[PDB]
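Just to be clear, this is only the beginning of the complex, oriented as in the whole thing:
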Amino acid sequence: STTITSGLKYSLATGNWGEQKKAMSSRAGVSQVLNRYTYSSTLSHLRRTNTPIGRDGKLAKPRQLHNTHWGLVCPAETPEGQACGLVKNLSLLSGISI
Amino acid sequence: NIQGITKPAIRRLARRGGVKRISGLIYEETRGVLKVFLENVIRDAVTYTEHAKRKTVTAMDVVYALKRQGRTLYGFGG
């Protein structure tokens, strides 16, 4: 039984989404330590989104605020620097289909 | 590849066999005969090769096949 338990625990505790021996070539940062510095930081962290383009490539197009983003992702909240435009935040009335 | 055994080649073989004149249907016939011949020798040869657990047909395998087919061949025992 320790295989599934150890795998789920390793992935949720490290963020590397995949088998432990394939940490390279696996997505990293899928799981993160919940930010409890203040209340709004927690509320925002629980509603965050990530496009896995990567910084290897200077294509500014996927980092751009787009017309179709209206009402769906916040037009103002985005990290500065290398995550600008790749990490998005849901609008207050946004919802994800099940 | 049986067609690689050309009309001229068969003509040469027949010449060595003393043939002066050759019907047009001979060549195809010859191709059949040779084919059969090869099939019989090579078969046995491969059998020997398979018995020795090899992947390489040796001259000796061929020589043994020919011998057991009563086609004793001199010159390749070396």
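It's in. Numbering: from 1, shown residues only, chains lettered A, B, ... in the order given.

So what's the gap between stretch A:21-36 and the chain middle?
Distance, stretch centre to chain centre, for stretch A:21-36: 10 Å (C-alpha atoms, centre = their mean, to the nearest Å).

Give me the residues contacting it.
For stretch A:21-36, contacts defined as C-beta atoms under 8 Å, 6 or more residues apart in numbering or on different chains pick out A:11-19, A:41-42, A:45-46, A:50, A:52. The way it works is simple: take the backbone N, C-alpha and C, and place the C-beta from them, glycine included.

Give the buried residues for it.
For stretch A:21-36, the neighbour count (16 or more other C-beta atoms under 10 Å in any protein chain shown) marks residue A:26 as buried.

wait, residue A:20 sits on residue A:10?
Yes. With contacts counted by C-beta atoms under 8 Å, residue A:20 reaches residue A:10, the gap being 5.2 Å.

The two: which has the busier surroundings?
residue A:10 (15 against 12; other C-beta atoms under 10 Å in any protein chain shown).

could you list every residue that touches the more buried one?
Per C-beta under 8 Å, 6+ apart, neighbours of residue A:10: A:16, A:20.

That one belongs to a strand?
No. Residue A:10: not assigned to a strand; according to DSSP: H, G, I helix; E, B strand; the rest coil it is helix.

what separates it from residue A:24, distance-wise?
Residue A:10 is 14 Å from residue A:24, where distance means C-beta to C-beta, to the nearest Å.

Ok, residue B:28 next?
64 Å.

same check, this time on residue A:80
Taken as C-beta to C-beta, the span from residue A:80 to residue A:24 is 28 Å.

And residue A:22, how far from residue A:11?
The spacing between residue A:22 and residue A:11, counted by C-beta to C-beta, is 11 Å.

now residue A:89, what's its secondary structure?
Here residue A:89 is recorded as strand under three-state DSSP.

and it, how many neighbours?
Neighbour count for residue A:89, taken as other C-beta under 10 Å: 17.

what's the answer for the one 4 residues further on, then?
The criterion is other C-beta under 10 Å. On that basis, residue A:93 has 7 neighbouring residues.

In contact with the closest residue to it other than its chain neighbours, which residues?
Sequence neighbours aside, residue A:71 is the residue nearest to residue A:93 in space, at 7.2 Å (criterion: C-beta to C-beta, 6 or more residues apart in numbering or on different chains). Counting by C-beta under 8 Å, 6+ apart, residue A:71 makes contact with A:91, A:93, A:94.

now for chain C, put it on the one above:
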Amino acid sequence: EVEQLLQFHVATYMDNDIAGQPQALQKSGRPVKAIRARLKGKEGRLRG
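One more chain to add, chain C, which I have set with the ones above:
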């Protein structure tokens, strides 16, 4: 086979970035820090 194992160990002892082959790996899954990797990069000996 064994001489080629020696060749591969000696090669990846010096350069673990050889094109078109697997990398000499460690117990934990990470690749071995070869000498070339010690010497190259922003964090290598020369620039770091």
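
same question on the contacts of stretch A:21-36, but now with chain C added
Against stretch A:21-36 from outside (C-beta under 8 Å, 6+ apart): A:11-19, A:41-42, A:45-46, A:50, A:52, C:29-30.

now the residue nearest to the spatial centre of chain C: how far from residue C:33?
Geometric centre of chain C, nearest residue: residue C:16, 2.2 Å, by C-alpha atoms, centre = their mean. Using C-beta to C-beta, one gets 8 Å for the distance from residue C:16 to residue C:33.

that older thread, nearest residue to the residue nearest to the centre of chain C other than its sequence neighbours?
Nearest non-adjacent residue to residue C:16 (C-beta to C-beta, 6+ apart): residue C:34, at 3.8 Å.

cool, and residue B:67?
Nearest non-adjacent residue to residue B:67, counting by C-beta to C-beta, 6+ apart: residue B:73, 7.5 Å away.

buried ones in whichever strand or helix holds residue B:46?
Following DSSP states H and E, one finds residue B:46 within helix B:26-51. In terms of neighbour count (16+ other C-beta under 10 Å), helix B:26-51 has its buried residues at B:27, B:30, B:31, B:41, B:44, B:45, B:48, B:49.

Residue C:42: which of those is nearest?
Checking the buried residues of helix B:26-51 against residue C:42 with C-beta to C-beta, the nearest one is residue B:49 at 60.1 Å.

From residue B:69, how far off is the closest one?
16 Å.

got the angle between the helix or strand that the helix holding residue B:46 is followed by and helix B:26-51?
Remark: after helix B:26-51, the chain's next helix or strand is helix B:59-68, criterion DSSP H and E. Compare the direction of helix B:59-68 with that of helix B:26-51 by axes from the mean of the first three to the mean of the last three C-alpha atoms, to 10 degrees and you get 120 degrees.

Give me the distance between helix B:59-68 and the centre of its chain.
Here helix B:59-68 is found 12 Å from its chain centre; the criterion is C-alpha atoms, centre = their mean.

Residue of chain B nearest chain C, please.
At 18.8 Å from chain C, residue B:55 is the closest residue in chain B, using C-beta to the nearest C-beta.

Contacts only, for the nearest residue to that residue once chain neighbours are set aside.
With C-beta to C-beta, 6+ apart as the measure, residue B:49 is the residue that lies nearest to residue B:55, at 7.6 Å, once sequence neighbours are left out. Residues in contact with residue B:49 (C-beta under 8 Å, 6+ apart) are B:55, B:56, B:57, B:58, B:61.

roughly how far apart are the residue in chain A that chain C sits nearest to and residue B:65?
Chain C sits closest to residue A:21 of chain A, with a gap of 4.8 Å, by C-beta to the nearest C-beta. From residue A:21 across to residue B:65, the span is 53 Å (C-beta to C-beta).

onto the same structure, chain D please:
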Amino acid sequence: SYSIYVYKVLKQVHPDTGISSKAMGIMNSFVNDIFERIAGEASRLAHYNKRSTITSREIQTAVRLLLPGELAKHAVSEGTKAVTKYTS
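The block that follows adds chain D to the chains above:
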């Protein structure tokens, strides 16, 4: 001679059929002949490969060399089957 064994086989395949003395003699000739062909070929097979032992594998290969087509397949089947049963 193989007379008693040939007879037994005959009774297996044709329970109410007999055999003349001459015909039995011919069956004996046959059995000895095929014995020599197979044993001889197996001997040569063993020698070519520098093996001092004739095993069922040499017998099988020899059978494949000596017997034509369907006879070879069926004989091989019977041999392997008999060895398997004997071994069990």
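
Once more for the buried residues of stretch A:21-36, now including chain D?
In terms of neighbour count (16+ other C-beta under 10 Å), stretch A:21-36 has its buried residues at A:23, A:26.

try stretch D:7-19
residue D:10.

which residues touch it?
So stretch D:7-19 is contacted by D:6, D:24, D:27 (C-beta under 8 Å, 6+ apart).

Tell me who's in contact with residue 7.
Here I'm looking at chain A. Contacts of residue A:7 (C-beta under 8 Å, 6+ apart): A:19, A:20.

before we move on, the earlier item: now do the same contact list for the residue nearest to the centre of chain C.
So residue C:16 contacts C:23, C:24, C:31, C:32, C:33, C:34, C:36, C:37 (C-beta under 8 Å, 6+ apart).

For my notes, confirm the first one occurs in a strand.
No. According to three-state DSSP, the state of residue C:23 is coil, so it is not within a strand.

hmm, back to that, out of the contacts of stretch D:7-19, which is most surrounded?
residue D:27 (19 neighbours).

Tell me which residue in chain B sits closest to chain D.
Closest point on chain B to chain D, by C-beta to the nearest C-beta, is residue B:51, at 4.5 Å.

Which element, helix or strand, includes the closest residue to that residue other than its chain neighbours?
Nearest residue to residue B:51 in three dimensions, chain neighbours excluded: residue D:61, at 4.5 Å (C-beta to C-beta, 6+ apart). Assigned by DSSP H and E, residue D:61 belongs to helix D:56-66.

Can you give me the buried ones in that helix?
D:58, D:59, D:60, D:61, D:62, D:63, D:64, D:65, D:66.

Residue B:31 is in contact with residue B:2, isn't it?
Yes. Between residue B:31 and residue B:2 there is a contact under C-beta under 8 Å: 5.1 Å.

neighbours of the one residue in chain C that gets nearest to chain D, just the number please.
Chain D sits closest to residue C:1 of chain C, with a gap of 25.9 Å, by C-beta to the nearest C-beta. Here the number of neighbours of residue C:1 (other C-beta under 10 Å) works out to 4.

Distance of it relative to residue B:64?
Distance from residue C:1 to residue B:64, by C-beta to C-beta: 33 Å.

so how far is stretch A:18-32 off the chain centroid?
Per C-alpha atoms, centre = their mean, the centroid offset for stretch A:18-32 relative to its chain is 14 Å.

Keeping just the C-alphas, turn it into PDB.
Extracted C-alpha coordinates of stretch A:18-32, given in PDB (Å, rounded to 0.1, in the frame of the first residue of the first chain):
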ATOM      1  CA  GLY A  18       4.900  12.800 -11.500                       C
ATOM      2  CA  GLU A  19       6.800   9.700 -10.400                       C
ATOM      3  CA  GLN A  20       9.600  10.500  -7.900                       C
ATOM      4  CA  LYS A  21      12.300   9.100 -10.200                       C
ATOM      5  CA  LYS A  22      11.100  11.300 -13.000                       C
ATOM      6  CA  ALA A  23      11.300  14.600 -11.100                       C
ATOM      7  CA  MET A  24      13.000  16.100 -14.100                       C
ATOM      8  CA  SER A  25      10.600  16.300 -17.100                       C
ATOM      9  CA  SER A  26       7.800  16.700 -14.600                       C
ATOM     10  CA  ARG A  27       5.800  19.900 -13.900                       C
ATOM     11  CA  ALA A  28       7.000  21.700 -10.800                       C
ATOM     12  CA  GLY A  29       5.100  24.100  -8.500                       C
ATOM     13  CA  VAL A  30       1.700  22.300  -9.000                       C
ATOM     14  CA  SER A  31       1.500  22.300  -5.200                       C
ATOM     15  CA  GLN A  32       2.600  25.300  -3.100                       C
END
